[PDB]
Amino acid sequence: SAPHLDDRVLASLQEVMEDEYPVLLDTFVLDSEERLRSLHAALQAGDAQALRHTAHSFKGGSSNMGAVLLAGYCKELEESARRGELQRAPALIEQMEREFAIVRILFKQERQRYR
Amino acid sequence: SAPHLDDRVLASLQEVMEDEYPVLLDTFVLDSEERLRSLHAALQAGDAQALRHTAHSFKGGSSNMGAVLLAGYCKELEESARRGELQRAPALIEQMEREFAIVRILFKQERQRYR
Amino acid sequence: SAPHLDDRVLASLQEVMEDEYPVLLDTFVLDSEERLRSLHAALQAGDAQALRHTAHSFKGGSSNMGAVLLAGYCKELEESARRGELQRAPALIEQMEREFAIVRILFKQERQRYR
């Protein structure tokens, strides 16, 4: 569902990947759960460069899977961590967890349609 | 306290239930905690059916105990779940956690008035 | 920094404290975390007087370290708890967790500037 998922991106991806598509949804969830775990760890440690790195990785994985609002927040975190501006990091991690839970349920529902 | 609790639902329940009333405050809290744990488990499984049927009971339990804002969220989650419109489920669950925490402390305050 | 930290309260404190300044950043984090844990335990017990007493301490400790928005939420909790008005307690505790998370990462950033 828009505006959380850009059907543009995912319609093309499903068409190419065929039975790999359900594996990409499952993998996206696992890889994003590990990214969020890494961001919380980086936030507690006050590790700006780890926040920036992981944010940038997450931005790309989000964009690959048409999770465009999630990739937006990842970009914000990457750019502010790059400035050393960390005030917003807790609230952006929160925004990422609330947006990621939408994408996760949408992916778990779409996954159910496949064997 | 309005708008969280409808004092006239509760005043009627007090008058009817007499000595049972404090026991109902206590079991509303434990029952609702369990219903929230089951909604989280249902959301992490992507089980729209388990979301729908836990939301509908919590709606009634909330209604029964004059928690009318909490009941209005449960109603929204039940309907969402029945339709399969899961994009709102994470946000509605969090709204039901923040509104239940209000009801919980009001009911713990009220329970202190009884042996 | 602003509006979360009043930099001049802190500029005066580091001028006075010199070498002890980084210890105070560390201490403030640990003191504040234990007081949040105390607030949550008081909220789950429906203990208005524990909420009021811990809220008052935290207001002072926040104020001493230029965390003026955090101290504002603590003041709101102290005043409402004294009046036995506990309907806003859950929300105010959550506002103090989100604001504290900002002060925490800014203090962990600054602490890395010292041995």
# chains A, B, ... in the order shown; residues from 1 in each chain; ligands from 1

call {"tool": "interface_residues", "arguments": {"of": "chain B", "to": "chain C", "cutoff": "8 Å", "atoms": "only C-alpha atoms", "output": "tab-separated table (two decimals) with N, CA and C atoms, in the first residue's frame"}}
result
chain	number	residue	atom	x	y	z
B	1	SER	N	-11.80	9.12	35.01
B	1	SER	CA	-11.76	10.49	34.43
B	1	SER	C	-12.23	10.40	32.97
B	98	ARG	N	-1.13	2.97	24.67
B	98	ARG	CA	-1.02	4.27	25.39
B	98	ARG	C	-2.34	4.57	26.11
B	101	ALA	N	-2.66	2.22	29.17
B	101	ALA	CA	-1.82	2.61	30.33
B	101	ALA	C	-2.60	3.65	31.13
B	102	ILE	N	-3.44	4.50	30.55
B	102	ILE	CA	-4.25	5.54	31.26
B	102	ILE	C	-5.25	4.73	32.11
B	103	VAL	N	-6.02	3.91	31.39
B	103	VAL	CA	-7.08	3.13	32.11
B	103	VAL	C	-6.45	2.37	33.28
B	105	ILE	N	-3.69	2.93	35.10
B	105	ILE	CA	-3.32	3.65	36.36
B	105	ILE	C	-4.61	4.12	37.05
B	106	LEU	N	-5.66	4.52	36.32
B	106	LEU	CA	-6.92	5.01	36.93
B	106	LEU	C	-7.51	3.83	37.71
B	108	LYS	N	-5.84	1.27	38.99
B	108	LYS	CA	-5.00	0.93	40.17
B	108	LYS	C	-5.31	1.96	41.27
B	109	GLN	N	-5.51	3.21	40.86
B	109	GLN	CA	-5.87	4.26	41.85
B	109	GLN	C	-7.20	3.86	42.51

call {"tool": "calpha_fit_and_write", "arguments": {"fixed": "chain C", "moving": "chain A", "output": "CSV table (one decimal) with N, CA and C atoms, in the first residue's frame"}}
result
chain,number,residue,atom,x,y,z
A,1,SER,N,22.9,20.8,22.3
A,1,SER,CA,22.1,21.5,21.4
A,1,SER,C,20.8,22.0,22.0
A,2,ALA,N,20.5,23.3,21.8
A,2,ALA,CA,19.1,23.9,22.1
A,2,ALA,C,18.1,23.3,21.2
A,3,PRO,N,16.8,23.2,21.6
A,3,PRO,CA,16.4,23.7,22.9
A,3,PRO,C,16.5,22.7,24.1
A,4,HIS,N,17.2,21.6,23.8
A,4,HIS,CA,17.2,20.4,24.7
A,4,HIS,C,18.2,20.7,25.9
A,5,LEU,N,19.3,21.3,25.5
A,5,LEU,CA,20.3,21.7,26.5
A,5,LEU,C,20.5,23.2,26.5
A,6,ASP,N,20.5,23.8,27.7
A,6,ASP,CA,20.7,25.2,27.8
A,6,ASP,C,22.2,25.5,28.1
A,7,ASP,N,22.9,26.0,27.0
A,7,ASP,CA,24.4,26.1,27.0
A,7,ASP,C,24.9,27.0,28.0
A,8,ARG,N,24.1,28.0,28.4
A,8,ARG,CA,24.2,29.0,29.5
A,8,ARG,C,24.7,28.1,30.7
A,9,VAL,N,23.8,27.2,31.1
A,9,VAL,CA,24.0,26.4,32.4
A,9,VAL,C,25.3,25.6,32.1
A,10,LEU,N,25.4,24.9,31.0
A,10,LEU,CA,26.5,23.9,30.9
A,10,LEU,C,27.8,24.7,30.7
A,11,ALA,N,27.8,25.9,30.1
A,11,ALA,CA,29.1,26.6,29.8
A,11,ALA,C,29.7,26.9,31.2
A,12,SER,N,28.9,27.5,32.0
A,12,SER,CA,29.3,27.8,33.4
A,12,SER,C,29.8,26.5,34.2
A,13,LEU,N,29.0,25.4,34.1
A,13,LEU,CA,29.4,24.2,34.8
A,13,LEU,C,30.7,23.6,34.4
A,14,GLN,N,30.9,23.6,33.0
A,14,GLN,CA,32.2,23.0,32.5
A,14,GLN,C,33.4,23.8,33.0
A,15,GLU,N,33.2,25.1,33.0
A,15,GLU,CA,34.2,26.1,33.4
A,15,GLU,C,34.7,25.8,34.8
A,16,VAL,N,33.7,25.7,35.7
A,16,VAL,CA,34.0,25.3,37.1
A,16,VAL,C,34.6,23.9,37.2
A,17,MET,N,33.9,22.8,36.7
A,17,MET,CA,34.2,21.5,37.1
A,17,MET,C,35.5,20.9,36.5
A,18,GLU,N,35.8,21.5,35.3
A,18,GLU,CA,37.0,21.1,34.5
A,18,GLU,C,37.0,19.5,34.4
A,19,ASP,N,37.9,18.7,34.9
A,19,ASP,CA,37.9,17.3,34.5
A,19,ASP,C,36.8,16.6,35.2
A,20,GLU,N,36.1,17.2,36.2
A,20,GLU,CA,35.0,16.5,36.8
A,20,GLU,C,33.8,16.6,35.8
A,21,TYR,N,33.8,17.5,34.9
A,21,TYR,CA,32.7,17.6,33.9
A,21,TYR,C,32.3,16.4,33.2
A,22,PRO,N,33.2,15.7,32.5
A,22,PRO,CA,32.9,14.4,31.9
A,22,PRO,C,32.3,13.4,32.9
A,23,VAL,N,32.7,13.4,34.2
A,23,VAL,CA,32.2,12.4,35.2
A,23,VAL,C,30.7,12.9,35.5
A,24,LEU,N,30.4,14.2,35.4
A,24,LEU,CA,29.0,14.6,35.7
A,24,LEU,C,28.2,14.1,34.5
A,25,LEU,N,28.7,14.2,33.3
A,25,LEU,CA,27.8,13.8,32.2
A,25,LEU,C,27.5,12.3,32.5
A,26,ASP,N,28.5,11.4,32.8
A,26,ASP,CA,28.3,10.0,32.8
A,26,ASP,C,27.3,9.7,34.0
A,27,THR,N,27.5,10.5,35.0
A,27,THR,CA,26.7,10.2,36.3
A,27,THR,C,25.2,10.5,36.0
A,28,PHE,N,25.1,11.6,35.3
A,28,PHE,CA,23.7,12.2,35.0
A,28,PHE,C,23.0,11.1,34.2
A,29,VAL,N,23.6,10.4,33.2
A,29,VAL,CA,23.0,9.3,32.5
A,29,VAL,C,22.5,8.2,33.4
A,30,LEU,N,23.4,7.7,34.3
A,30,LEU,CA,23.2,6.6,35.2
A,30,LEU,C,22.0,7.0,36.1
A,31,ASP,N,22.2,8.2,36.7
A,31,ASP,CA,21.2,8.6,37.8
A,31,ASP,C,19.8,8.7,37.1
A,32,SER,N,19.8,9.3,35.9
A,32,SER,CA,18.5,9.5,35.2
A,32,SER,C,17.9,8.1,34.7
A,33,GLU,N,18.7,7.2,34.3
A,33,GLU,CA,18.2,5.8,33.9
A,33,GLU,C,17.6,5.2,35.2
A,34,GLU,N,18.2,5.4,36.4
A,34,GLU,CA,17.6,4.8,37.6
A,34,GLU,C,16.3,5.5,37.9
A,35,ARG,N,16.2,6.8,37.7
A,35,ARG,CA,15.0,7.6,38.0
A,35,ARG,C,13.9,7.0,37.1
A,36,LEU,N,14.2,6.9,35.8
A,36,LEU,CA,13.1,6.4,34.9
A,36,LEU,C,12.7,5.1,35.4
A,37,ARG,N,13.6,4.1,35.7
A,37,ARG,CA,13.2,2.8,36.2
A,37,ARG,C,12.3,3.0,37.3
A,38,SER,N,12.6,3.9,38.3
A,38,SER,CA,11.7,4.1,39.5
A,38,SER,C,10.3,4.6,39.1
A,39,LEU,N,10.3,5.5,38.1
A,39,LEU,CA,9.0,6.1,37.7
A,39,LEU,C,8.2,4.9,37.1
A,40,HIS,N,8.7,4.1,36.2
A,40,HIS,CA,7.9,3.0,35.6
A,40,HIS,C,7.4,2.2,36.8
A,41,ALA,N,8.2,1.9,37.8
A,41,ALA,CA,7.8,0.9,38.8
A,41,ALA,C,6.7,1.6,39.6
A,42,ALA,N,6.8,2.9,39.9
A,42,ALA,CA,5.8,3.7,40.6
A,42,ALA,C,4.5,3.7,39.8
A,43,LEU,N,4.6,3.9,38.5
A,43,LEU,CA,3.4,4.0,37.6
A,43,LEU,C,2.7,2.6,37.6
A,44,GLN,N,3.4,1.5,37.6
A,44,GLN,CA,2.7,0.2,37.6
A,44,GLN,C,2.0,0.0,38.9
A,45,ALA,N,2.7,0.4,40.0
A,45,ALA,CA,2.2,0.2,41.4
A,45,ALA,C,1.0,1.2,41.6
A,46,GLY,N,0.7,2.2,40.8
A,46,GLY,CA,-0.2,3.3,41.0
A,46,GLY,C,0.2,4.1,42.2
A,47,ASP,N,1.5,4.4,42.4
A,47,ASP,CA,2.0,5.0,43.6
A,47,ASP,C,2.3,6.5,43.4
A,48,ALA,N,1.3,7.4,43.6
A,48,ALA,CA,1.3,8.8,43.3
A,48,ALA,C,2.4,9.5,44.0
A,49,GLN,N,2.6,9.1,45.3
A,49,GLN,CA,3.6,9.9,46.1
A,49,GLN,C,5.0,9.5,45.6
A,50,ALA,N,5.3,8.3,45.2
A,50,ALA,CA,6.6,7.9,44.6
A,50,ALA,C,6.8,8.6,43.3
A,51,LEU,N,5.7,8.7,42.4
A,51,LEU,CA,5.8,9.5,41.2
A,51,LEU,C,6.2,10.9,41.5
A,52,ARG,N,5.5,11.5,42.4
A,52,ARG,CA,5.8,13.0,42.8
A,52,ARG,C,7.3,13.1,43.3
A,53,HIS,N,7.7,12.3,44.2
A,53,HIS,CA,9.0,12.3,44.8
A,53,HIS,C,10.1,12.2,43.7
A,54,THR,N,10.0,11.1,43.0
A,54,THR,CA,11.1,10.8,42.0
A,54,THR,C,11.1,11.9,40.9
A,55,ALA,N,9.9,12.4,40.5
A,55,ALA,CA,9.7,13.5,39.5
A,55,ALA,C,10.5,14.7,40.0
A,56,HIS,N,10.2,15.1,41.3
A,56,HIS,CA,10.9,16.3,41.8
A,56,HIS,C,12.4,16.1,41.8
A,57,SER,N,13.0,14.9,42.2
A,57,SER,CA,14.4,14.7,42.2
A,57,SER,C,14.9,14.8,40.8
A,58,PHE,N,14.2,14.1,39.9
A,58,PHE,CA,14.7,14.2,38.5
A,58,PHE,C,14.7,15.6,37.9
A,59,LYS,N,13.8,16.5,38.3
A,59,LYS,CA,13.6,17.9,37.8
A,59,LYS,C,14.8,18.6,38.3
A,60,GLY,N,15.3,18.3,39.5
A,60,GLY,CA,16.5,19.1,40.0
A,60,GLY,C,17.7,18.5,39.2
A,61,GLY,N,17.9,17.2,39.2
A,61,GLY,CA,19.1,16.7,38.5
A,61,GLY,C,19.2,17.2,37.0
A,62,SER,N,18.0,17.2,36.3
A,62,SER,CA,17.9,17.7,34.9
A,62,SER,C,18.3,19.2,34.9
A,63,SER,N,17.8,20.0,35.8
A,63,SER,CA,18.0,21.5,35.8
A,63,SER,C,19.5,21.7,36.0
A,64,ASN,N,20.1,20.9,36.9
A,64,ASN,CA,21.6,21.1,37.3
A,64,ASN,C,22.4,20.9,36.0
A,65,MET,N,21.9,19.9,35.2
A,65,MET,CA,22.7,19.6,34.0
A,65,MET,C,22.2,20.2,32.7
A,66,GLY,N,21.4,21.3,32.8
A,66,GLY,CA,20.9,22.1,31.7
A,66,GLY,C,20.0,21.4,30.7
A,67,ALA,N,19.4,20.3,31.3
A,67,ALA,CA,18.5,19.5,30.4
A,67,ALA,C,17.1,20.1,30.7
A,68,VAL,N,16.8,21.3,30.2
A,68,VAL,CA,15.7,22.2,30.7
A,68,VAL,C,14.3,21.7,30.1
A,69,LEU,N,14.2,21.1,29.0
A,69,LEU,CA,12.9,20.6,28.5
A,69,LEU,C,12.6,19.3,29.3
A,70,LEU,N,13.5,18.5,29.6
A,70,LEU,CA,13.4,17.3,30.5
A,70,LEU,C,12.9,17.7,31.9
A,71,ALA,N,13.5,18.8,32.4
A,71,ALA,CA,13.2,19.3,33.8
A,71,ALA,C,11.7,19.7,33.7
A,72,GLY,N,11.2,20.4,32.7
A,72,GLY,CA,9.8,20.8,32.4
A,72,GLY,C,8.9,19.6,32.6
A,73,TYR,N,9.2,18.5,31.9
A,73,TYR,CA,8.2,17.4,32.0
A,73,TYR,C,8.2,16.8,33.4
A,74,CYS,N,9.4,16.8,34.0
A,74,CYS,CA,9.5,16.3,35.4
A,74,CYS,C,8.6,17.1,36.3
A,75,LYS,N,8.7,18.5,36.1
A,75,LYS,CA,7.9,19.4,36.9
A,75,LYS,C,6.4,19.0,36.7
A,76,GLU,N,6.0,18.9,35.4
A,76,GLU,CA,4.6,18.5,35.1
A,76,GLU,C,4.1,17.3,35.9
A,77,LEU,N,5.0,16.3,35.9
A,77,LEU,CA,4.7,15.0,36.6
A,77,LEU,C,4.6,15.2,38.1
A,78,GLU,N,5.5,16.0,38.6
A,78,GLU,CA,5.6,16.2,40.1
A,78,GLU,C,4.2,16.9,40.5
A,79,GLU,N,3.8,17.9,39.7
A,79,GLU,CA,2.7,18.8,40.1
A,79,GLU,C,1.4,17.9,39.9
A,80,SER,N,1.3,17.2,38.8
A,80,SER,CA,0.0,16.4,38.6
A,80,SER,C,0.0,15.3,39.7
A,81,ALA,N,1.0,14.6,40.0
A,81,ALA,CA,1.1,13.5,41.0
A,81,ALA,C,0.7,14.1,42.4
A,82,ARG,N,1.1,15.3,42.5
A,82,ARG,CA,0.8,16.0,43.8
A,82,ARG,C,-0.7,16.2,43.9
A,83,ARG,N,-1.4,16.6,42.8
A,83,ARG,CA,-2.8,16.7,42.8
A,83,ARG,C,-3.5,15.4,42.9
A,84,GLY,N,-2.8,14.2,42.8
A,84,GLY,CA,-3.4,12.9,42.6
A,84,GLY,C,-4.0,12.8,41.2
A,85,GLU,N,-3.5,13.5,40.2
A,85,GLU,CA,-4.1,13.6,38.9
A,85,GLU,C,-3.1,12.7,38.1
A,86,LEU,N,-3.5,11.4,37.8
A,86,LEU,CA,-2.5,10.5,37.3
A,86,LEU,C,-2.7,10.1,35.8
A,87,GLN,N,-3.9,10.7,35.3
A,87,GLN,CA,-4.2,10.3,33.9
A,87,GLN,C,-3.0,10.6,33.0
A,88,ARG,N,-2.3,11.8,33.2
A,88,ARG,CA,-1.2,12.2,32.3
A,88,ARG,C,0.1,11.5,32.6
A,89,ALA,N,0.2,10.7,33.7
A,89,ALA,CA,1.5,10.1,34.1
A,89,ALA,C,2.1,9.2,33.0
A,90,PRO,N,1.4,8.3,32.4
A,90,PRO,CA,2.0,7.5,31.4
A,90,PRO,C,2.6,8.3,30.3
A,91,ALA,N,1.8,9.3,29.7
A,91,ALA,CA,2.3,10.1,28.6
A,91,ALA,C,3.5,11.0,29.0
A,92,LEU,N,3.5,11.5,30.3
A,92,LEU,CA,4.6,12.3,30.7
A,92,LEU,C,5.9,11.5,30.8
A,93,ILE,N,5.8,10.2,31.4
A,93,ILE,CA,6.9,9.3,31.5
A,93,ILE,C,7.5,9.0,30.0
A,94,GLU,N,6.5,8.8,29.1
A,94,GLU,CA,6.9,8.6,27.7
A,94,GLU,C,7.7,9.8,27.2
A,95,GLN,N,7.2,11.0,27.4
A,95,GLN,CA,7.8,12.3,27.0
A,95,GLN,C,9.2,12.4,27.6
A,96,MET,N,9.3,12.0,28.9
A,96,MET,CA,10.6,12.0,29.6
A,96,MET,C,11.6,11.0,28.9
A,97,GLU,N,11.1,9.8,28.5
A,97,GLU,CA,12.0,8.8,27.9
A,97,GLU,C,12.5,9.4,26.6
A,98,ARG,N,11.6,10.0,25.8
A,98,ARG,CA,12.0,10.5,24.4
A,98,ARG,C,13.0,11.7,24.5
A,99,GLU,N,12.8,12.5,25.6
A,99,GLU,CA,13.6,13.8,25.7
A,99,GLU,C,14.9,13.3,26.3
A,100,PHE,N,14.9,12.4,27.3
A,100,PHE,CA,16.1,11.9,28.0
A,100,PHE,C,17.0,11.2,26.9
A,101,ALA,N,16.4,10.5,25.9
A,101,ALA,CA,17.3,9.8,24.9
A,101,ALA,C,18.0,10.9,24.1
A,102,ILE,N,17.5,12.1,23.9
A,102,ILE,CA,18.2,13.2,23.2
A,102,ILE,C,19.4,13.6,24.1
A,103,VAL,N,19.0,14.0,25.3
A,103,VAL,CA,20.1,14.5,26.2
A,103,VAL,C,21.2,13.4,26.3
A,104,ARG,N,20.9,12.1,26.4
A,104,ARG,CA,21.8,10.9,26.6
A,104,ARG,C,22.8,11.0,25.4
A,105,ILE,N,22.2,11.0,24.2
A,105,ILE,CA,23.2,10.9,23.0
A,105,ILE,C,24.1,12.1,23.0
A,106,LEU,N,23.5,13.3,23.2
A,106,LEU,CA,24.3,14.6,23.2
A,106,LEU,C,25.4,14.4,24.3
A,107,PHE,N,25.0,13.9,25.5
A,107,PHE,CA,26.1,13.7,26.5
A,107,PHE,C,27.1,12.7,26.2
A,108,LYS,N,26.7,11.6,25.5
A,108,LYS,CA,27.7,10.5,25.1
A,108,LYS,C,28.7,11.1,24.0
A,109,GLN,N,28.2,12.0,23.2
A,109,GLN,CA,29.0,12.7,22.2
A,109,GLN,C,30.0,13.7,22.9
A,110,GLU,N,29.4,14.5,23.7
A,110,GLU,CA,30.3,15.5,24.4
A,110,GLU,C,31.3,14.7,25.3
A,111,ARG,N,31.0,13.6,25.9
A,111,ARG,CA,31.9,12.8,26.8
A,111,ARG,C,33.1,12.3,26.0
A,112,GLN,N,32.8,11.9,24.7
A,112,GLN,CA,33.9,11.4,23.8
A,112,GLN,C,35.0,12.4,23.6
A,113,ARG,N,34.8,13.7,23.8
A,113,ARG,CA,35.8,14.7,23.6
A,113,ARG,C,36.8,14.7,24.7
A,114,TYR,N,36.6,14.1,25.8
A,114,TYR,CA,37.4,14.0,27.0
A,114,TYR,C,38.1,12.6,27.0
A,115,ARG,N,39.3,12.6,27.7
A,115,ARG,CA,39.9,11.3,28.0
A,115,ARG,C,39.0,10.5,28.9
